[PDB]
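Undergrad: Quick one: the structure is below, questions incoming.
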Amino acid sequence: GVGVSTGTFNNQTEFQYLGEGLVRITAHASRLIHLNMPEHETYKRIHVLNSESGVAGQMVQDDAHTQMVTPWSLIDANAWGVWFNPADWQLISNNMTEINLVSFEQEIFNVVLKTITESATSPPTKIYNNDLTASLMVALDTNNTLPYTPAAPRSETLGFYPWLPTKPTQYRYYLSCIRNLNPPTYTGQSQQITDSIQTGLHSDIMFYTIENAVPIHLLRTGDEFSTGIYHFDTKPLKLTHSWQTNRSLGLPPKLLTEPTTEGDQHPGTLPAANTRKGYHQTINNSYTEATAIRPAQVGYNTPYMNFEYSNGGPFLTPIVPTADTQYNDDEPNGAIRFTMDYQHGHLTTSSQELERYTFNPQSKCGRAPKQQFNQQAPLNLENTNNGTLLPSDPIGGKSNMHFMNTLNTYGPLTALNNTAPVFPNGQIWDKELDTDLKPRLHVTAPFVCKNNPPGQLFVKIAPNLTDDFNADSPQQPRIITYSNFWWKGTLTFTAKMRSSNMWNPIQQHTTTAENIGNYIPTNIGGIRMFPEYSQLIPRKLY
Amino acid sequence: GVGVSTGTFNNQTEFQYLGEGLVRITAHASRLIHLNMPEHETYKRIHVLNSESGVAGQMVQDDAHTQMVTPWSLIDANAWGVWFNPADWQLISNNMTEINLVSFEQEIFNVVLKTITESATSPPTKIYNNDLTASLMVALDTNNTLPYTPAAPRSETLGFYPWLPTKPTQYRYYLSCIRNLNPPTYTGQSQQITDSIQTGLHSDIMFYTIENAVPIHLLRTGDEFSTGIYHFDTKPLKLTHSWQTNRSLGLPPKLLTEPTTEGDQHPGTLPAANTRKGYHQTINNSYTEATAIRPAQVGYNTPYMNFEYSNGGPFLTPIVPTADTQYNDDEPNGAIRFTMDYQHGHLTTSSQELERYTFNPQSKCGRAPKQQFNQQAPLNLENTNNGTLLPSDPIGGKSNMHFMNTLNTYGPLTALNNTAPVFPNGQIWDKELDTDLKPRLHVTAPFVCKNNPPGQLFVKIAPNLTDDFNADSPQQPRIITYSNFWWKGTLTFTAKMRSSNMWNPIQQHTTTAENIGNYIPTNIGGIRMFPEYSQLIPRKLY
Amino acid sequence: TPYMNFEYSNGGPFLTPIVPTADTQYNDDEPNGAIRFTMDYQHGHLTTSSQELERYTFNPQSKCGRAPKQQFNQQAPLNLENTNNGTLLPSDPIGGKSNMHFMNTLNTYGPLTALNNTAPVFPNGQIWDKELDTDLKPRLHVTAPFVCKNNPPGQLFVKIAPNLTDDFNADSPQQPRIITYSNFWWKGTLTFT
Amino acid sequence: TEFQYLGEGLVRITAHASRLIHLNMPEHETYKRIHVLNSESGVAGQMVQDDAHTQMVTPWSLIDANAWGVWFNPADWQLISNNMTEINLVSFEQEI
Amino acid sequence: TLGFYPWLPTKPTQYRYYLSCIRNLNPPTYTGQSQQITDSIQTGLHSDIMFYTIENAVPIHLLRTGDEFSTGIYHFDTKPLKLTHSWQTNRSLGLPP
Amino acid sequence: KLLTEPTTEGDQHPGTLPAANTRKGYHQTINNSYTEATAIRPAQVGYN
C-alpha cells in the first residue's frame with residue numbers, strides 16, 4: 001500500500017437546515033501536520049524555579065511547579081479557530097440563539113516518514129530520503145487515563161488555517177509540588193523570602209506513561225487511523241446575551257409626569273418617595289429604585305485580585321467572565337486577555353510576533369466596584385461618613401486597598417451567566433473536575449462534558465535505531481527522522497435559528513470598509529484571524 | 001349580530017423554517033381603518049393644467065392630464081412597510097438569498113358606521129351617534145376591470161404602523177389626454193408655447209364605474225368580508241447583489257511580478273502588452289484590460305434625462321435602477337428618491353412634514369458617463385483629439401450636452417439586474433402592462449404577476465339619505481356619516497437561507513449606537529421607519 | 001449576607017438582596033431581609049381612614065436569621081479567652097469609618113449552608129414568579145415563594161379600542177377621539193394542593 | 001372558596017375570584033420611551049435615593065392577579081396556614 | 001394588583017417595561033462632603049435595546065358587549081411550598097451534651 | 001391626487017394640484033418636486 005493514499009482532505013463547513021428551525025452545523029477540518037522526532041526519548045521530571053519568584057513584590061510573578069515531560073506530542077484541536085473561519089462565525093453568532101456539541105471524530109492519514117542524511121561536502125548539503133518502513137506512533141487515550149491538558153489556553157492548538165501546515169505540541173503534565181513562598185512581601189520592604197519546591201507528598205505522586213496506559217498503533221506510510229465517533233453530553237450553549245440588571249427587573253415604578261418636549265434630555269417625574277406603594281427589603285416608608293424589591297441578584301462581586309495559597313503555591317482566584325461596565329474595569333470582571341500567534345490569527349507576515357486584545361462577553365452582569373458602597377444599620381437615605389463604607393476607604397491600613405477587593409456577594413439569590421465562546425482562540429469543550437461537588441461552570445470553556453470527555457490524541461515518531469546498538473547505555477543514538485502526515489476531524493453541532501419578535505433590529509457583526517482588511521489576505525500572503533464578539537443577540541431575562 | 005365582533009386583530013410575523021433551508025415567512029397585518037363619507041357622490045372627469053407647464057424651460061414641470069375622480073376610496077397595502085417592521089427586514093435581508101410571493105388574503109371586520117349631529121348651542125358642540133343600520137360599501141374587483149393604480153408610488157398606502165389608525169385613498173384613474181406642449185423651450189428664450197389638453201381620441205375613452213363593473217357588498221356593523229386566497233405566479237426575487245463588472249469577468253491576465261513589500265501600495269507587474277496572448281475584439285497586437293474579451297455587457301447607458309413625447313405629453317424615459325459608481329451620479333443610474341410621510345416613516349412628531357432620502361440598489365452595474373468615451377476606426381492606444389469623443393464635448397452646439405446624454409448601449413450582449421425591494425415605502429408586486437410584447441421588468445416594483453394580479457379593494461360609505469328626497473335635483477344632501485372599520489391582511493412569502501461558502505464575513509445591517517434612535521420611539525411617542533438597503537448579500541456573477 | 005451593601009452595574013447602584021428570614025431577639029430586620037409592605041385604599045388598610053396607605057413590616061417564621069450586633073471573629077488557634085488584638089468585634093471600626101463594622105462586609109454563605117425559602121405573605125404578597133433566564137439559576141426568589149420551572153402563565157393585556165371621530169387620523173400627530181371607557185367583569189380560578 | 005378534602009389527607013383548594021373591572025381610555029395612544037432623573041439622585045449622600053432608569057410606556061393596561069389578597073380572604077388564610085403543612089400551585093384560568 | 005375585595009370595583013394598571021440604561025453616579029459620596037457628582041443616563045448599549053409591542057408580538061381579540069374571552073387552563077410546574085417553620089439553629093442541632 | 005375640483009361646468013376650467021415640493025412618492029430624479037413628466041411609471045410604452 002505504499003503508493004496509495006489512505007484518507008481524504010476536506011475543510012468544508014456544512015450548514016444543514018432542518019424542520020422547526022434547527023441546524024446541523026457540520027465542521028470538517030483537515031490539516032497537514034508536521035512532526036519532528038522527539039529530542040529526548042525519556043520521561044523527565046523537571047522542576048521550575050524562577051529568580052523573579054523570590055523577590056519583594058514580584059510574588060504574583062511566581063512560575064514554580066513540577067513538570068512531567070513526556071517524549072510524546074499531543075494533537076489538540078479543541079479551539080474554535082480550528083473548525084470555523086471568520087465567515088462561519090459571523091453566520092452562527094449572527095443567527096443562532098443557542099448551539100450545542102454533538103459528535104466528533106478524528107482521522108490521521110497519508111503518513112510519510114522521512115530520513116535526513118548529512119552531506120557536509122564543502123557547504124552543509126541536506127539529502128532527504130523516505131524510510132518507507134519506519135513507523136509513526138499514535139495513541140488514543142479513550143478512557144482519559146493520562147492527565148487532561150487542553151492546548152487552547154496556551155495557543156498550542158492546531159493551526160487555524162487549512163492551507164498552512166501545523167505542529168502538535170509536547171505533552172507534559174503537572175506533578176505534585178510543595179511550593180513555598182512564605183511570606184508574601186510588597187515591592188519595597190526588606191525581608192527574607194523563602195522560595196522552595198520539592199516534589200509533592202509521596203501519597204500524591206501520579207506518574208503516567210503513554211506506553212503503560214494506552215495501546216499504541218504503529219503506522220507505516222500505507223497505514224491509516226481513526227477515532228471512533230464520540231458523542232457529547234453537554235448543556236447547550238446560549239448565543240444570546242442578557243442585559244437587564246437589578247435596576248431593570250420587573251415593573252418599573254409608575255410615573256406621574258410624561259415629558260412635553262422632544263429629546264432624551266427632558267425626563268419624566270415620579271411621585272415623591274413616601275407616597276409610593278409596594279414591597280421593600282428595607283424599613284423607611286420611602287421606596288427607591290436602588291432599594292427596591294427584585295427577584296434576585298444578577299451578578300456578584302468576587303473578591304478581586306485575591307491570591308489564594310494551597311500546596312502548589314499562590315494563585316489568582318478566578319472570576320466568572322462577564323461584560324465590563326461603563327467604567328471599563330475588566331480585571332474584576334474576569335475579562336480574558338488572549339495572546340495570539342503567527343498561527344492563530346495575527347498577520348502571518350507582521351514583523352512583531354503575537355498579538356494582544358482583551359475580551360469582554362456581551363451578557364451584562366459585571367460590576368463597577370469603583371462605585372459600589374455600604375451603609376449601616378437602618379440604611380438612612382443621607383449617609384453618615386461614619387455609617388457608610390466607600391470605594392475609597394483604606395482597609396487594613398493600606399491606602400489603596402478598599403473594601404471591594406475583599407468583598408464577596410455570592411448568594412442563593414445570585415443568578416449568573418456562563419462564559420462565552422471566544423472565536424477563535426477560545427477553548428471549546430472541557431473535562432469536568434473530578435471533585436465530589438462540581439463547579440457550576442468553567443472559565444476555560446463554555447462546554448463541560450457531563451460524561452467522559454473525548455480522548456487525547458497522542459503522537460510520537462517511532463525511534464529509528466541505528467547499528468550502534470541500544471540499552472547497556474544512557475541515551476541511544478538514532479537516525480534523524482521526521483514526519484508529514486495529514487489529519488481530518490469532524491466536529492458536529494446543533495443550533496436553533498432566531499426570529500423577529502420585537503420591533504427594532506438588533507446587533508449583528510458586519511463588514512465596515514475599515515475592517516475587511518482583516519478578512520482578506522495581504523499583497524504578500526498575510527492572513528489574520530482577529531477575534532470577534534460572540535453571543536451578540538439580545539435576550540429578555542425577565 | 002350588533003354587539004359581536006366579526007374578525008380578529010393580528011400583526012405578528014411568523015417565520016417558519018422548513019427542510020433543505022426554506023422559510024415560510026407569513027406576515028399578518030392588521031390595522032384600524034378610518035373612512036370619511038365621500039364628499040362628492042358623482043364621477044367627475046377633471047382636467048389639469050398648471051401655469052408652470054406653459055413657460056420657457058419649466059417644461060419638465062408639466063403636470064397636465066385628465067382624471068376620472070370616483071367617489072370610491074381604495075385600500076392598497078402593496079408596500080413593504082405594511083407587512084414588516086425594521087426588525088423583520090433586518091432578518092430577511094441579512095439572511096435570505098432569495099424570496100418570493102406566495103399567497104395573500106385580506107379581511108375587513110368590526111365595521112362601525114357613525115352619524116354626527118351638530119349642536120351649535122353657544123360653542124359648536126359635536127354629538128356622536130351610531131347608525132347601527134347604515135352600511136359600508138365594499139367592492140372587490142377580482143378580475144381587474146377597473147384600471148390598476150398602485151398606491152405605493154405616492155405613499156398613499158396604509159399606515160406602516162400597527163398601533164396607529166390609517167386612511168384609504170380616493171380612487172381616481174387616468175383618462176385619454178391630448179396634451180400639447182409644442183414646442184420645447186429653454187429657460188431664457190422668448191417664444192410662444194402652446195399649452196393645451198382636450199379629452200383624448202374618442203376611440204380611446206375608457207369610462208369605468210365601480211357600480212357597473214363589480215358587485216358591491218353592503219356591510220352593517222355585524223357584517224364581515226374577506227378576499228378569497230390569491231396565489232401569486234411570480235419570478236422569485238434575489239436578495240443578493242452582484243459586483244463583478246466587465247473589468248472583473250473571467251480569467252485575470254497572469255502577472256509576472258508579485259510584490260515584495262507589504263501594503264496595498266506596491267502592486268504587481270504584467271508583461272508588456274504585445275507579448276500577451278488570447279482573444280481580442282480589436283486589431284492591435286496588444287491585449288489590454290479595458291479592451292479585453294468578456295462574456296457580455298454587464299450594465300448599459302440609457303440616454304439620460306431624455307424626454308419622450310407621446311399623445312399624453314412629454315415624460316422622462318425610465319432607467320433601470322442600479323447602484324451608482326464612485327462618482328455618485330444617481331439620476332443616470334435611475335436612483336429613486338422617495339418622499340416619506342407623517343405615516344410612512346419619518347418621525348410622527350417632527351415639526352417639518354415628510355422626509356427625503358434617495359435610494360441606490362446594491363447590485364453594481366451602473367455607469368459613470370462623466371468618464372465614458374469613444375474612439376474611432378482602428379482604436380489606437382493614444383488618441384486623436386479628432387478621433388476621440390469625450391465626456392466634455394459639445395453636442396449639437398450646446399456646450400453642456402455631451403454624447404452620453406444621447407448614448408444608448410443596450411444590446412443582445414447586455415446582462416441586466418432587476419429593481420430592488422425598497423423597505424419600506426417600496427411597492428411590492430405590480431400588474432403587467434398588457435402590451436403584445438412585455439417589459440423584462442418594471443421599475444415600480446420587483447414582483448410582476450405573470451397571471452392576473454390580486455384584486456383592487458374598494459370602499460365607500462353608503463349614502464345616508466335624509467328626508468329631503470333625492471333625484472329630481474343636482475347634488476343630494478345627506479346625513480353626515482363616517483366609519484371605523486378594521487382590516488387584516490395575510491401576505492405569505494418563501495425564501496431560502498444563506499450559507500458560508502467563502503472565507504470572509506460579509507455585509508449585514510446592524511445597530512450602531514448612532515442609529516438605534518431610529519428604531520426606538522421618542523420620549524413623546526415619535527416613531528420612524530427610515531428605509532434600509534436591501535439585497536445586501538454578495539453574489540458571484542461569473 | 002453583607003448587609004446594606006450596594007452593588008453597581010450598568011443600570012446603576014442597588015441594594016444586594018437578602019434571603020428574608022425571621023429576626024432574632026435583637027429585632028434587626030434590614031440585615032435579615034425583612035419586607036416592609038405599603039398598603040393601599042384597595043389592598044387592606046381601612047377603606048375609610050383619612051390618612052392614605054399603611055405600613056407594617058414582615059418577618060417570616062422560620063428561624064435562621066442573625067444578630068450581627070453580637071457576632072465576632074477570633075484568630076488562629078481560637079483560644080477561649082480573647083486577645084483584644086486577636087478578636088474582631090461587632091464594634092470595631094472598619095476601613096477607618098467609626099460605624100461600619102466587619103459584619104457589614106461579612107458573607108458566610110457556603111456549601112455547608114442550609115437555607116429556607118421566602119414566606120407567603122397574605123395578602124399583599126406575590127404568589128408565583130417567572131424564572132430569571134440566566135444560564136445558572138437562583139435557588140429561589142425573594143419576590144415570591146413560587147417560581148415556575150417551565151414557562152409562567154401569560155400576562156393579560158387590556159386597552160380600549162380607539163373610538164375615532166370624524167376628524168380623520170394619520171397625516172397628523174396625536175389623533176382626537178370620542179371619550180370612551182369600559183366596565184367589564186373578570187373571573188379567575190386558582191387551584192392549589 | 002372551595003376546600004375539597006380527599007384521601008390520605010390532601011385538599012383541592014379551589015379559589016374562585018370574580019371582580020368588576022373598570023378601564024379608562026388610554027390617554028396617550030403611543031409608545032413612549034421616557035427617562036427618569038431625580039434631583040435627589042445627584043446629591044451628597046442621597047445616593048441610596050437614586051431613582052434613575054428608562055421606561056417604555058405602553059398604551060396598554062395590565063391585569064395581574066398574582067397576589068394572595070386576590071384569591072383568599074382573612075378566614076381562608078387562617079384555615080390554610082393553621083392546618084396545612086405544605087401547599088402547591090396547580091391550575092389557573094381567567095375569563096373576561 | 002387587582003382589588004382584594006369582591007364587592008368593590010378595581011382598575012388594571014398601565015403596562016410599562018424597563019429598557020437598557022447607562023446610569024452614571026460616579027462617585028459615591030457621604031451626606032456632608034463637597035464633591036462633584038456626575039449624574040447621567042443615556043438609553044443603554046444599542047446591542048441591548050429591547051423594544052416590544054403588544055400589537056407586534058401578540059394577537060389581539062376585539063370584544064364587543066356581547067363578546068367573551070377566556071385563558072385556557074394553565075398548569076403550574078412548581079416546587080411545593082412548605083407552610084411550616086424550622087426553629088433549631090446550629091446551637092440546637094443533634095445530641096445535646 | 002388633486003386639491004381643487006372645479007366649480008364651473010366646461011372642460012375649460014380644470015382642477016388644481018398641490019404645489020410640487022409638497023407631493024409624496026417615488027421619483028427617478030433627485031429634486032424634492034414630483035412632476036408628471038418626471039414620474040415613476042411601470043415601464044416605457046413605446047420608443048424612438
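Every chain in the C-alpha cells takes a letter, A first, then B, and so on in the order presented; its residues are numbered from 1, and the ligands are numbered from 1 following the presented order.
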List as CSV every residue of chain D that is in contact with chain A, defined as an atom at most 7 Å from one of its atoms (using only C-alpha atoms), together with the nearest atom pair and the distance in Å rounded to one decimal, sorted by chain and then rising number.

TA:
residue,atom,partner,partner_atom,distance
D:34,CA,A:267,CA,6.1
D:35,CA,A:267,CA,4.8
D:36,CA,A:267,CA,5.1
D:37,CA,A:267,CA,6.5
D:45,CA,A:382,CA,4.5
D:46,CA,A:382,CA,4.7
D:48,CA,A:381,CA,5.7
D:49,CA,A:288,CA,5.6
D:50,CA,A:290,CA,5.9
D:51,CA,A:289,CA,4.8
D:55,CA,A:252,CA,6.9

Undergrad: Please identify every residue of chain B that has at least one atom no farther than 9 Å from an atom of chain C, counting only C-alpha atoms, and for each give the shortest atom pair and the distance in Å to one decimal, arranged by chain then increasing number, as a Markdown table.

TA:
| residue | atom | partner | partner_atom | distance |
| --- | --- | --- | --- | --- |
| B:32 | CA | C:162 | CA | 8.8 |
| B:34 | CA | C:168 | CA | 6.9 |
| B:35 | CA | C:168 | CA | 7.8 |
| B:36 | CA | C:166 | CA | 6.8 |
| B:114 | CA | C:165 | CA | 8.5 |
| B:116 | CA | C:166 | CA | 7.9 |
| B:128 | CA | C:178 | CA | 8.0 |
| B:159 | CA | C:170 | CA | 7.8 |
| B:164 | CA | C:170 | CA | 7.5 |
| B:165 | CA | C:169 | CA | 6.4 |
| B:166 | CA | C:170 | CA | 5.5 |
| B:167 | CA | C:170 | CA | 7.1 |
| B:341 | CA | C:171 | CA | 7.4 |
| B:342 | CA | C:171 | CA | 5.3 |
| B:343 | CA | C:170 | CA | 6.2 |
| B:348 | CA | C:173 | CA | 6.0 |
| B:349 | CA | C:173 | CA | 5.9 |
| B:350 | CA | C:173 | CA | 8.8 |
| B:481 | CA | C:166 | CA | 8.2 |
| B:482 | CA | C:166 | CA | 6.4 |
| B:483 | CA | C:166 | CA | 8.2 |
| B:484 | CA | C:164 | CA | 6.9 |
| B:526 | CA | C:173 | CA | 8.7 |

Undergrad: Within 10 Å of residue 31 (chain F), counting only C-alpha atoms, which residues qualify if same-chain residues fewer than 6 places away don't, as a VMD selection string?

TA: (chain B and resid 337 356) or (chain F and resid 20 to 21)

Undergrad: As a list in words, please: every residue in region 6-40 of chain D that a backbone DSSP assignment puts in strand (DSSP E or B).

TA: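 Strand (DSSP E or B) members of region 6-40 of chain D, listed: residues 6, 10, 11, 12, 13, 14, 15, 16, 17, 18, 19, 20, 21, 22, 23, 24, 32, 33, 34, 35 and 36 of chain D.
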
Undergrad: Extract the full set of helix (DSSP H, G or I) residues from chain D according to DSSP on the backbone, and format it as a list in words.

TA: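 For chain D, the helix (DSSP H, G or I) set is residues 7, 8, 9, 39, 40, 41, 42, 46, 47, 48, 49, 68, 69, 70, 71, 74, 75, 76, 77, 78, 79, 80, 81, 82 and 83 of chain D.
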
Undergrad: Would you put the residues from that selection into a file with C-alpha atoms, as a compact mmCIF listing (two decimals), in the first residue's frame?

TA:
# COMPACT_ATOMS: atom_id res chain seq x y z
CA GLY D 7 -57.90 10.67 50.63
CA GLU D 8 -54.65 10.34 52.55
CA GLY D 9 -55.23 13.89 53.69
CA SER D 39 -32.75 65.87 41.65
CA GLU D 40 -32.32 63.83 44.83
CA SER D 41 -30.24 61.25 42.98
CA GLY D 42 -27.40 63.70 42.42
CA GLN D 46 -28.77 60.77 48.97
CA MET D 47 -27.36 58.16 46.52
CA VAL D 48 -29.45 55.42 48.00
CA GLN D 49 -32.36 57.61 46.90
CA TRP D 68 -52.79 36.29 47.63
CA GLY D 69 -55.18 39.09 48.55
CA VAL D 70 -56.88 38.42 45.25
CA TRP D 71 -57.86 34.87 45.94
CA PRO D 74 -58.84 36.54 56.09
CA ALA D 75 -60.81 33.45 57.04
CA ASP D 76 -59.41 31.44 54.14
CA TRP D 77 -55.87 32.22 55.20
CA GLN D 78 -56.50 31.39 58.82
CA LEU D 79 -57.72 28.00 57.67
CA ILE D 80 -54.91 27.17 55.26
CA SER D 81 -51.99 28.37 57.38
CA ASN D 82 -53.49 26.98 60.62
CA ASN D 83 -53.75 23.47 59.16

Undergrad: Which residues of chain F have any atom within 6 Å of an atom in chain B when counting only C-alpha atoms, and what is the closest pair of atoms for each, with the distance in Å to one decimal? Order the rows by chain and rising number and write it as JSON lines.

TA:
{"residue": "F:14", "atom": "CA", "partner": "B:47", "partner_atom": "CA", "distance": 4.8}
{"residue": "F:15", "atom": "CA", "partner": "B:48", "partner_atom": "CA", "distance": 5.4}
{"residue": "F:24", "atom": "CA", "partner": "B:339", "partner_atom": "CA", "distance": 5.1}
{"residue": "F:25", "atom": "CA", "partner": "B:154", "partner_atom": "CA", "distance": 3.9}
{"residue": "F:26", "atom": "CA", "partner": "B:338", "partner_atom": "CA", "distance": 4.4}
{"residue": "F:27", "atom": "CA", "partner": "B:337", "partner_atom": "CA", "distance": 4.9}
{"residue": "F:28", "atom": "CA", "partner": "B:336", "partner_atom": "CA", "distance": 4.6}
{"residue": "F:29", "atom": "CA", "partner": "B:331", "partner_atom": "CA", "distance": 5.4}
{"residue": "F:30", "atom": "CA", "partner": "B:337", "partner_atom": "CA", "distance": 5.9}
{"residue": "F:35", "atom": "CA", "partner": "B:61", "partner_atom": "CA", "distance": 5.5}
{"residue": "F:36", "atom": "CA", "partner": "B:63", "partner_atom": "CA", "distance": 4.8}
{"residue": "F:37", "atom": "CA", "partner": "B:315", "partner_atom": "CA", "distance": 3.9}
{"residue": "F:38", "atom": "CA", "partner": "B:316", "partner_atom": "CA", "distance": 5.2}
{"residue": "F:42", "atom": "CA", "partner": "B:442", "partner_atom": "CA", "distance": 5.0}
{"residue": "F:43", "atom": "CA", "partner": "B:442", "partner_atom": "CA", "distance": 5.6}

Undergrad: Just how far from CA of residue 249 (chain A) is CA of residue 62 (chain D), in Å to one decimal?

TA: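 We find that CA of residue 62 (chain D) and CA of residue 249 (chain A) lie 16.7 Å from each other.
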
Undergrad: Could you name the residues that touch region 27-33 of chain D at 8 Å or less, counting only C-alpha atoms, but leaving out those on the same chain fewer than 2 positions away, as a list in words?

TA: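 Result of the neighbour search: residues 163, 164, 520, 521, 522, 523, 524, 525 and 526 of chain B; 174 of chain C; 25, 35, 54, 55, 56, 57, 58 and 59 of chain D.
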
Undergrad: Write the residues of the preceding selection, restricted to N, CA, C and O atoms, as a tab-separated table (two decimals), in the first residue's frame.

TA:
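Contents of the output file part-v8.tsv:
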chain	number	residue	atom	x	y	z
B	163	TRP	N	-50.06	50.15	15.55
B	163	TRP	CA	-50.76	50.82	16.63
B	163	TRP	C	-51.32	52.20	16.28
B	163	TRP	O	-51.76	52.94	17.15
B	164	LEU	N	-51.32	52.52	15.00
B	164	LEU	CA	-51.83	53.80	14.55
B	164	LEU	C	-52.85	53.65	13.46
B	164	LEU	O	-52.62	52.96	12.47
B	520	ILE	N	-36.38	53.17	17.77
B	520	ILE	CA	-36.91	53.32	19.10
B	520	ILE	C	-37.81	54.54	19.16
B	520	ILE	O	-37.50	55.58	18.59
B	521	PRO	N	-38.93	54.42	19.86
B	521	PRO	CA	-39.83	55.57	19.97
B	521	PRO	C	-39.12	56.79	20.61
B	521	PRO	O	-37.94	56.75	20.95
B	522	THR	N	-39.87	57.87	20.77
B	522	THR	CA	-39.36	59.11	21.34
B	522	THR	C	-39.96	59.34	22.72
B	522	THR	O	-40.97	58.74	23.06
B	523	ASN	N	-39.35	60.20	23.52
B	523	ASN	CA	-39.88	60.47	24.85
B	523	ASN	C	-41.30	61.05	24.76
B	523	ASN	O	-41.95	61.31	25.77
B	524	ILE	N	-41.78	61.24	23.54
B	524	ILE	CA	-43.11	61.78	23.32
B	524	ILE	C	-44.00	60.80	22.59
B	524	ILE	O	-45.23	60.89	22.66
B	525	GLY	N	-43.39	59.88	21.86
B	525	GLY	CA	-44.16	58.90	21.12
B	525	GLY	C	-43.87	58.96	19.65
B	525	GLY	O	-44.65	58.51	18.82
B	526	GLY	N	-42.72	59.54	19.31
B	526	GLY	CA	-42.35	59.63	17.91
B	526	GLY	C	-41.80	58.31	17.42
B	526	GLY	O	-41.10	57.61	18.15
C	174	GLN	N	-51.02	63.54	17.28
C	174	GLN	CA	-51.94	62.79	18.10
C	174	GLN	C	-53.37	63.01	17.62
C	174	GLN	O	-53.85	64.15	17.53
D	25	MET	N	-60.01	55.02	28.96
D	25	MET	CA	-59.39	55.06	27.65
D	25	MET	C	-57.96	55.60	27.74
D	25	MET	O	-57.75	56.72	28.18
D	35	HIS	N	-37.18	58.70	30.14
D	35	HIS	CA	-36.08	58.53	31.08
D	35	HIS	C	-36.57	59.08	32.41
D	35	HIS	O	-37.63	59.71	32.47
D	54	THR	N	-34.92	53.90	32.60
D	54	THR	CA	-35.68	54.22	31.41
D	54	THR	C	-36.94	53.38	31.31
D	54	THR	O	-36.94	52.18	31.57
D	55	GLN	N	-38.02	54.05	30.93
D	55	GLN	CA	-39.29	53.39	30.81
D	55	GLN	C	-39.85	53.30	29.42
D	55	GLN	O	-39.67	54.20	28.63
D	56	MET	N	-40.49	52.18	29.13
D	56	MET	CA	-41.16	52.00	27.84
D	56	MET	C	-42.60	52.07	28.27
D	56	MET	O	-43.16	51.11	28.81
D	57	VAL	N	-43.20	53.23	28.10
D	57	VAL	CA	-44.60	53.36	28.48
D	57	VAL	C	-45.55	52.96	27.38
D	57	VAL	O	-45.62	53.62	26.36
D	58	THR	N	-46.26	51.85	27.57
D	58	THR	CA	-47.20	51.40	26.55
D	58	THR	C	-48.60	51.93	26.79
D	58	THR	O	-48.94	52.34	27.90
D	59	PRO	N	-49.44	51.93	25.75
D	59	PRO	CA	-50.81	52.41	25.88
D	59	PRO	C	-51.70	51.28	26.39
D	59	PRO	O	-52.92	51.40	26.45

Undergrad: Give me the residues near region 107-117 of chain C as a VMD selection string, where near means some atom within 8 Å (using only C-alpha atoms) and where sequence neighbours in that chain fewer than 4 positions away do not count.

TA: (chain A and resid 408 to 411) or (chain C and resid 1 to 2 19 21 62 64 140 145)

Undergrad: When you get a sec, could you note down which chain E residues fall within 8 Å of chain B, using only C-alpha atoms, as number ranges by chain?

TA: E: 45-47, 49, 51, 55-67

Undergrad: When you get a sec, could you note down which chain B residues fall within 6 Å of chain A, using only C-alpha atoms, as a list in words?

TA: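 The selection requested is residues 17, 18, 19, 20, 21, 86, 87, 88, 90, 500, 503, 504, 505, 506, 507, 508, 510, 511 and 519 of chain B.
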
Undergrad: Write the residues of the selection above to a file with N, CA and C atoms, as a tab-separated table (two decimals), in the first residue's frame.

TA:
chain	number	residue	atom	x	y	z
B	17	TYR	N	-39.40	27.73	9.59
B	17	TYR	CA	-38.24	27.21	8.87
B	17	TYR	C	-38.50	25.77	8.48
B	18	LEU	N	-38.32	25.41	7.22
B	18	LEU	CA	-38.54	24.03	6.82
B	18	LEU	C	-37.29	23.35	6.33
B	19	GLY	N	-37.47	22.14	5.82
B	19	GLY	CA	-36.34	21.38	5.33
B	19	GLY	C	-35.53	22.06	4.24
B	20	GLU	N	-34.37	21.48	3.95
B	20	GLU	CA	-33.49	21.99	2.91
B	20	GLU	C	-33.20	23.48	2.99
B	21	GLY	N	-33.68	24.11	4.05
B	21	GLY	CA	-33.42	25.52	4.23
B	21	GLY	C	-34.36	26.52	3.58
B	86	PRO	N	-38.94	47.21	10.94
B	86	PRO	CA	-37.48	47.22	10.90
B	86	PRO	C	-36.80	45.90	11.20
B	87	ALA	N	-37.12	45.31	12.34
B	87	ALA	CA	-36.51	44.05	12.72
B	87	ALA	C	-36.72	42.96	11.68
B	88	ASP	N	-37.96	42.83	11.21
B	88	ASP	CA	-38.30	41.84	10.20
B	88	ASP	C	-37.33	41.97	9.04
B	90	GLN	N	-34.42	43.53	8.70
B	90	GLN	CA	-33.07	43.14	9.07
B	90	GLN	C	-32.92	41.63	8.98
B	500	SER	N	-22.35	29.76	4.50
B	500	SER	CA	-20.95	30.12	4.46
B	500	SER	C	-20.22	29.32	3.41
B	503	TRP	N	-14.49	32.73	2.68
B	503	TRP	CA	-13.70	32.80	3.89
B	503	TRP	C	-14.09	33.97	4.75
B	504	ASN	N	-14.29	35.09	4.09
B	504	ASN	CA	-14.62	36.32	4.77
B	504	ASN	C	-16.08	36.51	5.09
B	505	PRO	N	-16.35	37.28	6.14
B	505	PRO	CA	-17.71	37.58	6.56
B	505	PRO	C	-18.15	38.64	5.56
B	506	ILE	N	-19.45	38.90	5.48
B	506	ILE	CA	-19.96	39.85	4.51
B	506	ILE	C	-20.70	41.01	5.14
B	507	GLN	N	-21.40	41.76	4.29
B	507	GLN	CA	-22.19	42.88	4.77
B	507	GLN	C	-23.30	42.26	5.62
B	508	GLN	N	-23.95	43.11	6.40
B	508	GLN	CA	-25.04	42.72	7.29
B	508	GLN	C	-25.46	44.05	7.86
B	510	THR	N	-26.66	46.29	10.75
B	510	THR	CA	-26.72	46.23	12.20
B	510	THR	C	-27.10	47.50	12.91
B	511	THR	N	-26.98	47.43	14.23
B	511	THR	CA	-27.28	48.53	15.10
B	511	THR	C	-25.98	49.19	15.50
B	519	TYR	N	-34.95	53.20	15.57
B	519	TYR	CA	-35.76	52.01	15.76
B	519	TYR	C	-36.36	52.00	17.16

Undergrad: Could you pull the residues within 8 Å of region 203-206 of chain B, counting only C-alpha atoms, minus those fewer than 3 positions along the same chain, as a list in words?

TA: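 After dropping sequence-adjacent residues, the list is residues 175, 176 and 200 of chain B.
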
Undergrad: Would you list the contacts of residue 118 (chain B) as a ChimeraX atom specification, taking every protein, DNA or RNA residue within 10 Å and counting only C-alpha atoms, but skipping same-chain residues closer than 5 positions in sequence?

TA: /B:124-128,480

Undergrad: Have a look at CA of residue 101 (chain B) and CA of residue 495 (chain B) and let me know their distance in Å, one decimal.

TA: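 One can read the CA of residue 101 (chain B) to CA of residue 495 (chain B) distance as 9.1 Å.
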